[PDB]
Amino acid sequence: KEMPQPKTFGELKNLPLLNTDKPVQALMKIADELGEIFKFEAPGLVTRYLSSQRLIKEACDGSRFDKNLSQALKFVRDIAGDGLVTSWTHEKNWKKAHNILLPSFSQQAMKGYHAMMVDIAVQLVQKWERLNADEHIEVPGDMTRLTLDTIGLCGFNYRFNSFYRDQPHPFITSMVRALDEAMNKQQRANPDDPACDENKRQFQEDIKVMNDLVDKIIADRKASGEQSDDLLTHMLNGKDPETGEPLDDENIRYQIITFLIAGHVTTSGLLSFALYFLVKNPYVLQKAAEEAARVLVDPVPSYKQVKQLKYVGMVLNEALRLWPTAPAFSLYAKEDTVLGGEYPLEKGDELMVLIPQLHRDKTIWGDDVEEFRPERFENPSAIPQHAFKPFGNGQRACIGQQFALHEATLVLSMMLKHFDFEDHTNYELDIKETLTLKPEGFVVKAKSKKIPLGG
Amino acid sequence: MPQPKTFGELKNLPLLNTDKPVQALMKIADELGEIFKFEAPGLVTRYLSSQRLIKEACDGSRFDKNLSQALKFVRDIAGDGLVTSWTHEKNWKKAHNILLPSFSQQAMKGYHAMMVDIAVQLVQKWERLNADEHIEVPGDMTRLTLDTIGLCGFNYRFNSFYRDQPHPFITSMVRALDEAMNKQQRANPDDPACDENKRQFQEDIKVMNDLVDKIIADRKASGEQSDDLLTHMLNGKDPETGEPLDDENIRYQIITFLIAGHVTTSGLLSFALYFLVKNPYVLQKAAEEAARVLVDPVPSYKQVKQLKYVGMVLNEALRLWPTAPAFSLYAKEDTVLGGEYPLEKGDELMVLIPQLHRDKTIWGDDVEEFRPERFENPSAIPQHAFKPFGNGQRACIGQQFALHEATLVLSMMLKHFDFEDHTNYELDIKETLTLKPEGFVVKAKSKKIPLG
Ligand code: HEM
Ligand code: HEM
Ligand SMILES: [Cl-]
Ligand SMILES: [Cl-]
Ligand SMILES: [Cl-]
Ligand SMILES: [Cl-]
Ligand SMILES: [Cl-]
Ligand SMILES: [Cl-]
Ligand SMILES: [Cl-]
Ligand SMILES: [Cl-]
Ligand SMILES: [Cl-]
Ligand SMILES: [Cl-]
Ligand SMILES: [Cl-]
């Protein structure tokens, strides 16, 4: 079959279609018009956007397709080097860091992180408990305070103290500016245009701000007398079984930056979206709050209790279905091959998995794909393979998946235990794109249930 | 046909990701020779560097003026004025016939007193500098040349020497022309990220048109009788058609002449003084002519015509750094260039003038040396070897105006001052479509010869 393709603009081809600050949402609309697959071309770019489970289950076959670095990830390489997210599977530092750092996401590691997650989550509840009458909550800002501080403490034994600051942490501001440049730069067909020197300088300035924090974390660890076994301990001391080598200092810096970014941004979005969907669906909020009150019988949650919050987990997965906060990943053909029986591909041909569209495949989920109902995830073993991919695929899947879901389940159930929530502005969903997704401007009011906390 | 390194679908575009594209193109020409193809998104052209091929491109029966991408962008500023119009556009020939008498010998003799007025202001500024002070040469050459076209062409005094900084028209003009130049490298121009460039470009065009408005209103209100460029724009009838230029085109012509009428002449004067201070033996010979010929307190028209060596200095400065360094042509029909490059109707050529002017088969092996004596016998220079003022019916209409102004001013500078290259200035050629030696500074020591 001949592959659908959206409107072309001469030698720019499809490039002008993404002259917007919401490209992923723009691509979802093209997918609605063109269907399960369409080609997308720009100067120096050929890729194919996949939106059906039928085709994406083939693309998730690791014997036939490997992870590709999209243009966006290549630009992010200037920030995160050959860290785990922005390295090729064949680069020696991917496999090496993967084996060195995977033990930091074992069950025993998670049980060790729990108390530190509780530390930050209690700070969030306390902030909201202490608001005055008619004050409201800026939800993404506060979810970012929590998730950045959580990965800082759990991964690096470092306190960013984001809740002690009225404005976003400086690292956040520079990160957003850097990643925003990475998103914008995709539309620069000729990025070495002399006029781009200022963006490049600002880009380097922001990377410097982020590396200044990395420098502080490393100096802090070197000076500390505390016995840790967190991520940073493994980065500094773990040896790859295959090679017997540790990560060198250059790659450690890249991993720190990688985990400071990847370990909070998408989790902040998820929590923001989850709370958005709850206040838009009060019957779901009430059901999730009932589970929280029944399970969380202690002043602070235990690890075991968080594992029993089944419905909250369903809520989080259904929020990831509708708005997966890392909404696409890229693949390339390892060999000449035919996709879906209809689309011949040459070795090196690139695919984009458009996760929000996948997650709206009506052949999988039914006709009501736009509706928010966690009950879809009652029986997870019934969901077809590769229908639900908010955490990527295969050996290049998200290494932090269980970290994120444990954190988000913990925090959301504690929010639901301790407060009633009002959508006092009748907020209109506005999804900001900075590679990742978030509900910009989302605000709520919280009314405390006056249930006390502990340690 | 030779072609430089390509970059996928961007073709040759990334080779001109520089502030100095013409100088980059000269280096490609050094490597690839008399002709190379250059492609970009929406662009195919062929850069010519040899007199052998350029003499054919200058055959008006085979090739007509083309609007390069740069000139198409300048069209947003100067519309269908004489520089940015197509030859077959009605307003080109109509305006050409109506304004050509403004550049006759009769008209030049009338401009002379007004050129001397501005030249005298230049000299008196430098006479009045304190010992610790120096000259910013291009800035003062731009003060002079803009005021000269304003006064001679439009009977309007911009009074650039009464301003410590560049004239606002200049600042906006440069910024607008810099946008036009940079847009050649801007492949996705309708990205919203470009909105600010568009806003600024519109703002700078408005500043330039604000000056136009003031000139037009000044003439309307004037009780003095002028017979200058503006008189012919407003009242000249096209003999071939009996009709005058319309108001829209007149505005484009005023903008055109305010820009074209000064910017390249400012650069020429700047380069000429640069080469003189770098070649003191030539400076001495030129200064000796000025002192021998300019026997009066201010130069006369006749005296300027006797400044033969100063004229040779200016031509040699135009040889090495022609301040409008390229022009474009297209094939009127299918044809063969140089016996081996078939062209189809509409194919474009670029004449890379600085490389033409370094053709060793014309000028000899010492093409980089500054030697005005090259032009001692102008008739012995082959046709189409020396093309600083363009070609054919689309050649510079202001050529004699520019050379009279620069000869007058340079000879007065040399008559009245000794010059010192006190910083040992390193040539840095800024490109804004046109060329100038950016940052060129000197100290001037007066000879204390009174003015008139
Ligand atoms: C809801 C929260 C999260 C979502 C939706 C998410 C999503 C994803 C996705 C889609 C990928 C695959 C990228 C690709 O194929 O190009 C990925 C990879 C990755 N994620 Fe996450 N992530 C989340 C949380 C986290 C957390 C909390 C961490 C760290 C603690 C983390 C660290 C990583 C790393 C290191 C990789 C690259 C792994 C590798 O390729 O070896 N992520 N994530
Ligand atoms: C050294 C100083 C100057 C140089 C090097 C120069 C150079 C040139 C060149 C190369 C062209 C041809 C452009 C093309 O083919 O696309 C041209 C055209 C033109 N120049 Fe000049 N010029 C100078 C001074 C002036 C002055 C003083 C004026 C006005 C008083 C002027 C007005 C024009 C006009 C109106 C045209 C377009 C003529 C037409 O096509 O009908 N120039 N000039
Ligand atoms: Cl571009
Ligand atoms: Cl440690
Ligand atoms: Cl909803
Ligand atoms: Cl998987
Ligand atoms: Cl795999
Ligand atoms: Cl926000
Ligand atoms: Cl016409
Ligand atoms: Cl020299
Ligand atoms: Cl010398
Ligand atoms: Cl001609
Ligand atoms: Cl300068």
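Analysis parameters
- Residues numbered from 1 in each chain as written, not as in the entry; some residues may be left out.
- Chains lettered and ligands numbered in written order.
- Heavy atoms only, no water.
- Core = buried A, V, L, I, M, F, W, Y, C linked by side-chain atoms within 4.5 Å.
- Buried < 20%, exposed > 50% of the residue type's maximum accessible area, 1.4 Å probe, protein only.
- Helix = DSSP H or I, 4+ residues; strand = E, 2+ residues; numbered from the N terminus.
- Contact = heavy atoms within 4.5 Å.
- Disulfide = S-S within 2.5 Å.
- Near = heavy atom within 4 Å.
- Polar contact = N/O pair within 3.5 Å; in protein donor to acceptor, adjacent residues only side chain to side chain.
- Nonpolar A, V, L, I, M, F, W, Y, C, P; charged D, E, K, R; others polar.
- Donors = N, O, S within 2.8 Å, 3.2 Å for Na, K, Ca; no water.
- Buried area = accessible area lost by both parts, 1.4 Å probe.
- Salt bridge = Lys/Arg side-chain N within 4 Å of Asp/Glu carboxyl O.

Regarding how it was determined, this PDB entry cites X-ray crystallography in its header, along with a resolution of 2.1600 Å.

Where the PDB entry is consulted, chain B appears under the name Bifunctional cytochrome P450/NADPH--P450 reductase, with the organism given as Bacillus megaterium.

Per the PDB entry, chain A goes by Bifunctional cytochrome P450/NADPH--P450 reductase and derives from Bacillus megaterium.

Caption draft 1: Expanded view of the nonpolar core. In this structure, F156, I256 and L412 of chain A are the most contacted members of the largest nonpolar core, which totals 127 residues. When residues of this core are assigned to their parent elements, the largest contribution, 11 residues, is made by helix α5 (residues 107-129) of chain A. In contact with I256 of chain A, not counting residues within four places along its chain, are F156, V214, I217, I218, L232 and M235 of chain A. Membership of the second largest hydrophobic core comes to 117 residues, among which are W126, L229, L320 and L410 of chain B.

Caption draft 2: Structural context of the state of the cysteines. All names here are of chain A. Tallied over the full model, the rule gives 0 disulfides over all chains. Left unpaired, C60 is separated from the closest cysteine sulfur, that of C398, by 15 Å. With no disulfide of its own, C154 has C398 as its nearest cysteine by sulfur position, at a separation of 15 Å. Judged by its relative accessible area of 1%, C154 is buried.

Caption draft 3: The site of ligand 2, seen in detail. All names here are of chain B. Near ligand 2 lie 25 residues; those nearest to it are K65, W92, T264, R394 and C396. Between ligand 2 and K65 there is a distance of 2.8 Å, counted from an oxygen atom to a side-chain nitrogen or oxygen. Between ligand 2 and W92 there is a distance of 2.8 Å, counted from an oxygen atom to a side-chain nitrogen or oxygen. Where the shell around ligand 2 is concerned, the elements lending two or more residues are α10 (247-260), α11 (263-278) and α17 (399-416). With 3 residues, the single largest contributor to the shell around ligand 2 is α11. Split by residue class, the shell around ligand 2 holds 17 nonpolar, 6 polar and 2 charged.

Caption draft 4: Seen up close, the site of ligand 1. Residue and element names in this part refer to chain A. Within the structure, ligand 1 sits among 26 residues, and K67, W94, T266, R396 and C398 are positioned closest to it. Measuring from an oxygen atom of ligand 1, one finds a side-chain N or O atom of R396 at 2.8 Å. Counting only elements with at least two residues in the shell around ligand 1, the list comes to α10 (249-262), α11 (265-280) and α17 (401-418). No other element matches α11, which puts 3 residues into the shell around ligand 1. Within the shell around ligand 1, the residues separate by chemical class into 18 nonpolar, 6 polar and 2 charged.

Caption draft 5: Spotlight on the coordination of the iron atom of ligand 2. From the protein, the iron atom of ligand 2 takes a single donor atom, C396 of chain B (SG), 2.3 Å away. Considering the arrangement of structural elements, one finds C396 of chain B in the loop between α16 (360-363) and α17.

Caption draft 6: Representation of the interface of chain B and chain A in the model. Listed per partner, the contact involves 19 residues of chain B and 17 residues of chain A. For the chain B and chain A pair, buried surface summed over both sides reaches about 1400 Å², with 45% attributable to carbon and sulfur atoms. The largest share of the area that chain B buries against chain A comes from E9, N17 and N188 of chain B, three residues that together contribute 41% of it. For the pair chain B and chain A, the number of links is 2 salt bridges. Here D191 of chain B ties to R188 of chain A by a salt bridge, and the two come within 3.2 Å at their closest N and O atoms. Taken together, chain B and chain A are joined by 10 residue pairs in polar contact. The residue inventory of the side of chain B that touches chain A, partitioned by class, reads 7 nonpolar, 6 polar and 6 charged.

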